[PDB]
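Below, each chain spelled out in residue letters.
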Amino acid sequence: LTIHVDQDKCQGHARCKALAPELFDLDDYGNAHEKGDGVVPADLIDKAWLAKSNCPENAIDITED
Ligand code: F3S
């Protein structure tokens with residue numbers, strides 16, 4: 001599992017960042033992006049799917065391999 005935020009879809013709700021601070025960083029304009037790895041650790045797999053479910057703009061993709 002990896003995370004991606006589509007920059008064109010992001011409108012900076014910051015829900016992703018409130019749910020999974022560990023997985024997203026916000027730029028100075030409030031837009032989110034995947035952090036370091038992008039790879040989702042075993043303990044954050046659920047917060048990942050939640051952040052994606054919760055984004056109002058459907059801006060988050062999770063890849064599965
Ligand atoms: S709008 Fe952007 S800030 Fe997060 S909650 Fe969605 S990716």
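Up top is the structure these notes are about.
Residues numbered from 1 in each chain as written, not as in the entry; some residues may be left out. Heavy atoms only, no water.

A. Geometry of the nonpolar core. Counting 16 residues, the largest nonpolar core has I3, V5, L23, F24 and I60 as its most contacted members. Looking at this core, the elements that each hand over two or more residues are β1 (2-5), α2 (45-54) and β4 (60-63). In contact with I3, not counting residues within four places along its chain, are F24, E34, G38, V40, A48, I60, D61 and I62. (Core = buried A, V, L, I, M, F, W, Y, C linked by side-chain atoms within 4.5 Å. Buried < 20%, exposed > 50% of the residue type's maximum accessible area, 1.4 Å probe, protein only. Helix = DSSP H or I, 4+ residues; strand = E, 2+ residues; numbered from the N terminus. Contact = heavy atoms within 4.5 Å.)

B. Region of interest: the pattern of salt bridges. Using the criterion set out here, one finds two salt bridges in the structure. In this structure, the salt-bridge partner of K9 is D6, at a minimum N-O distance of 3.8 Å. One salt bridge in this structure joins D25 and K17, with 3.6 Å as the shortest N-O distance. By relative accessible area, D25 is classed as partly exposed at 29%. Taking relative accessible area as the criterion, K17 reaches 23% and is therefore assigned partly exposed. (Salt bridge = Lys/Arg side-chain N within 4 Å of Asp/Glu carboxyl O.)

C. Structural detail: the pairing of β4. What you see with β4 is a clean split: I60 and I62 sit on the buried side and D61 and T63 on the side with no burial. Taken together, the four bridges between β1 and β4 define a ladder with antiparallel strand orientation. Paired with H4 across the two strands is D61, which belongs to β4. (Pairing = 2+ DSSP bridges.)

D. View of empty space enclosed by the protein. On inspection of all chains with the given rule, the structure shows one cavity of 30 Å³ or more. Considered as a void within the structure, the largest cavity measures approximately 90 Å³ in volume. What lines the largest cavity is a set of 14 residues, and nearest its centre among them are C10, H13, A14, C16 and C55. Among the residues making up the lining of the largest cavity, the classes are represented as nine nonpolar, three polar and two charged. (1 Å grid on protein atoms, 1.4 Å probe; cavity = no way out; pocket = protein on both sides within 12 Å on 5 of 7 lines; lining within 4 Å. Points joined across faces, edges and corners; volume = space filled by probe spheres on them. Nonpolar A, V, L, I, M, F, W, Y, C, P; charged D, E, K, R; others polar.)

E. Focus on unusual backbone geometry. Positive phi is not limited to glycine here, since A14 has a value of about 70 degrees. Positionally, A14 belongs in the loop between β1 and α1 (15-19). Taking relative accessible area as the criterion, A14 reaches 27% and is therefore assigned partly exposed. Unusually for a residue other than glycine, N58 sits at a positive phi of about 55 degrees. The topology assignment puts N58 in the loop between α2 and β4.

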